[PDB]
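Inspection log for the structure reproduced underneath, given as structure tokens.
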Amino acid sequence: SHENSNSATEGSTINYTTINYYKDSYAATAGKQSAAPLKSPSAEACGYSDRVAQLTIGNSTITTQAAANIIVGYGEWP
Amino acid sequence: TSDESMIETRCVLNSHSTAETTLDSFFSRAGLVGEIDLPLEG
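Line by line, the protein sequences give chains A and C. Mapping of the first sequence onto PDB author numbering: residues 12 to 45, 65 to 108, in sequence order. Mapping of the second sequence onto PDB author numbering: residues 58 to 99, in sequence order.
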């Protein structure tokens, strides 16, 4: 309440316990932090088998093996 | 394949009657099946 919430980790899902003697949160210490997207997850691994059952996008259809050997980039659907 | 697995589709209200493709529509039309000649000298 006495400091600006203006560090580079504001809005993130992790609470950082820190030490700050200044008005700005970015002046504080690095502190503590109070399947896998990077492993090229598949559509089965991402839980997106409903959107990959038959890949028809627009007026175009590709016929390919689905789900298991189909990769969603960084575990994130567009 | 019902247009869904190939392209993205909108909703179309198909008020298109199939009554003209029935046998009672395709076949109930009189056609020439016989011609009989009754000439004078033939």
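Note that the Cβ used here is the ideal one computed from N, Cα and C, for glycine as well.
- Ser62 (chain C) belongs to the set of residues whose beta carbon lies under 8 Å from a beta carbon in chain A.
- Secondary structure of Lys69 (chain A) (DSSP, three-state): helix.
- Annotation for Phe84 (chain C): no alpha helix (DSSP H) segment contains it, and DSSP assigns it neither H nor E.
- Judged by DSSP in its simplified three-state form, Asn15 (chain A) adopts strand.
- In the displayed model, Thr28 (chain A) falls within a strand according to three-state DSSP.
- Look at the beta carbons and you see the stretch 32-42 of chain A touching the stretch 14-24 of chain A: at least three pairs across the two are nearer than 8 Å.
- Ranked by how close their Cα comes to the Cα of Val69 (chain C), the residues C:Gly88, C:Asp60 and C:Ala76 have C:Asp60 in first place.
- The stretch 70-86 of chain A and the stretch 99-106 of chain A touch, with three or more beta-carbon pairs separated by less than 8 Å.
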